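What follows is a single structure, written as structure tokens, with notes after it.
Neighbour counts are summed over all protein chains in view; Cβ atoms, including those assigned to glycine, are modelled from backbone coordinates with ideal geometry. Since every read-out is calculated from the coordinates, none of them should be taken as a lab result.
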Amino acid sequence: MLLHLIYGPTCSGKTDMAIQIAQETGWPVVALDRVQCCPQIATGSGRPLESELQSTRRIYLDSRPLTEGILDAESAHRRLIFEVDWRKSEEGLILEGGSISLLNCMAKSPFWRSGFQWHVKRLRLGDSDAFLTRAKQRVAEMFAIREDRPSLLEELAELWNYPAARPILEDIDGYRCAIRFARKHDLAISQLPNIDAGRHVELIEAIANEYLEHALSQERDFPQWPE
Ligand SMILES: Nc1ncnc2c1ncn2[C@@H]1O[C@H](COP(=O)(O)O)[C@@H](O)[C@H]1O
Ligand SMILES: CC(C)=CCSP(=O)(O)OP(=O)(O)O
């Protein structure tokens, strides 16, 4: 089997790159992401829109309530090995994502050491300013009110109802920022999606800066995959 590994920092265009290869080849893409396995934060966690898949398939390693905690990395790694192992008859698969703890498991795992052909692509963080520009547009996309999917702020207000979701979302990019932003301005979290004209802009810029923080960590902690 051919495994087309696309990894790299947040807001690097990885997902679209993967969808395009998947349109051409017909192969599924397995999301190398733990946080995307909670569909209740589909939007904030980066899941492509159903419209954006262009009819390609995108495979998550689990589907789990947020309050069950984010999928741990060794469990996600067991799962990934299984989604690849039972498709072993197929020409190729696309593995795309930015999970730091999960890429590190793949790099320690003997499973990948043997038995596959590979095309490996590592996307890198650009200049920070260009990064923040892409980040801010991404966040505004995740903030847009559509008919077909809850916004980030809507996902957050829904879950804030459940006290056990609170600690968990405080450890997730975007959400952590949005929560801190609410307390900073004395806003109920319920209120974030009604927020004045130019406070929308502060919050977007604040999240983008949390995304770049994360992308810096990804660049530090990522494995160096051989290619
Ligand atoms: N898709 C995602 N969306 C939001 N935050 C994420 C995402 N993936 C990782 N994180 C953050 O980075 C830490 C996850 O570690 P990892 O999966 O090992 O990169 C999480 O604890 C979140 O704080
Ligand atoms: C880490 C966050 C906020 C979203 C996950 S999707 P990504 O950000 O890994 O994706 P792209 O490189 O934009 O496809």
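For this structure, a couple of remarks:
- Of the residues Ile207, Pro163, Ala178, the one whose Cα sits farthest towards the positive end of the charge dipole of the stretch 125-227 is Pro163 (charges of +1 on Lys and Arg Cβ, -1 on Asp and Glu Cβ, taken about the Cα centre).
- Part-to-part distance (alpha-carbon centres) for the stretch 204-227 and the stretch 129-167, which is given in Å: 18
- Within the chain, the longest segment free of exposed loop sites, counting trypsin sites (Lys or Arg not before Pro) that fall outside DSSP classes H, G, I, E and B and have at most 16 other Cβ atoms within 10 Å, spans 147-227.
- Kirkwood Rh (inverse of mean 1/r, distinct Cα pairs), the chain, angstrom: 18.3
- Total charge dipole magnitude, the chain, about the Cα centre, Cβ charges on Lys, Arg, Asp, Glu only, Debye to nearest 20: 440
- DSSP-assigned coil residues among GluC sites (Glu not before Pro) in the stretch 87-148, each with at most 12 further Cβ atoms within 10 Å: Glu91, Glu147
- Take every Cα pair under 8 Å whose residues are at least 6 apart in sequence, average their separation, divide by the length of the stretch 43-130, and the relative contact order is 24 percent.
- Equivalent ellipsoid dimensions for the stretch 1-124 as semi-axes, Å, which come from the Cα gyration tensor, largest first: 20, 18, 14
- Dipole-positive endmost among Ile189, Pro150, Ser12 within the chain (Cβ charges, Cα centre): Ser12
- Multiplying the residue separation of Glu147 and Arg124 by 0.36 nm and subtracting their alpha-carbon distance yields 4.9 nm.
- Here's the list of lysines a cross-link from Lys108 could span, going by alpha-carbon distance under 26 Å and ignoring same-chain residues fewer than 8 apart: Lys14, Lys88, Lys121.
- For the stretch 1-124, a crude dipole built from +1 on the beta carbon of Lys and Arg and -1 on the beta carbon of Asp and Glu, taken about the Cα centre, is about 340 debye to the nearest 20.
- Considering only alpha-carbon pairs that sit under 8 angstrom and 6 or more positions apart, the relative contact order computed for the chain is 30 percent.
- Residues with amide H under 5 Å from that of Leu95, placed H, sequence gap 5 or more: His4, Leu5, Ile6, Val30
- Relative contact order for the stretch 125-227, counting Cα pairs under 8 Å that sit 6 or more residues apart, in percent: 37
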